């Protein structure tokens, strides 16, 4: 049940709600008020979903799907089998996620560390809330949200994007993608660097953080440093998701035409609009 060094850490304290009531573990898992909150919301949502599996007559992971109320129902309630289930499940999902985050904070308090982790998680949670909650509300209907099933939520990505042409042209989706890729490049480099220093050529002695700075310098003539690259990873990642959410919250709401056509603002500028030649003259 405990890691060799764990026991000195398992002290009382740090809870946000409940005093000592749920201050304990189950195997490896810390509980807490919010370990309980996330269980209730999580198990409810699973039930509510397996219920939805019955009312559409499949018991199959690749087919089970739960749709928002149709566009017609507005931003108001809906019969369970025709979009109500989804609404309560979403309420559950939010409950589970936010609870998971506040539980994470409680673990932070006990362990004496910074709140950086749940802070980062809340970006991902805010992306999700952008798809199922903030965009729908600004757009007038639950039906605009994505549906919970494995292949059917992809269908929604395709339909939502092709509504605007090739979605590539959303310029906040461009920034977004740039951060995802950049992040991946940074995750490979960090990983590979730390390992090439800890696991040197056969028989040599393990290298040092100065070797790590040296390797980079030699290669591209800069090194961000070991604090730097962990600041970087975290920034690239949070920025990917920030831009992800931004590209979607502006889509169908301030811009709803074909994304490629937004790029005409640049071309139709007074000082070069009408010069001949190139592609647009």
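Positions refer to the first chain, counted from 1.
Per the PDB record, of the two stretches 172 to 180 and 82 to 90, 82 to 90 carries the greater mean B-factor over its C-alpha atoms. Across the two stretches, 48 to 56 and 227 to 235, the PDB entry reports the greater mean Cα temperature factor for 48 to 56. The PDB entry assigns the greatest CA B-factor among 28, 69, 32, 221 to 69. Of the candidates 137, 102, 117, 193, the deposited coordinates give 137 the top C-alpha B factor. Split the chain's modelled residues into thirds by C-alpha temperature factor. Residue 11 is in the lowest one. For residue 202, the recorded CA B-factor ranks within the highest third of the chain. Only modelled residues enter the ranking. Sort the chain's modelled residues by C-alpha temperature factor and residue 95 lands in the middle third, per the entry. Among the modelled residues of its chain, residue 112 has a C-alpha B-factor that falls in the lowest third according to the deposited record. Among the modelled residues of its chain, residue 151 has a C-alpha B-factor that falls in the middle third according to the deposited record.
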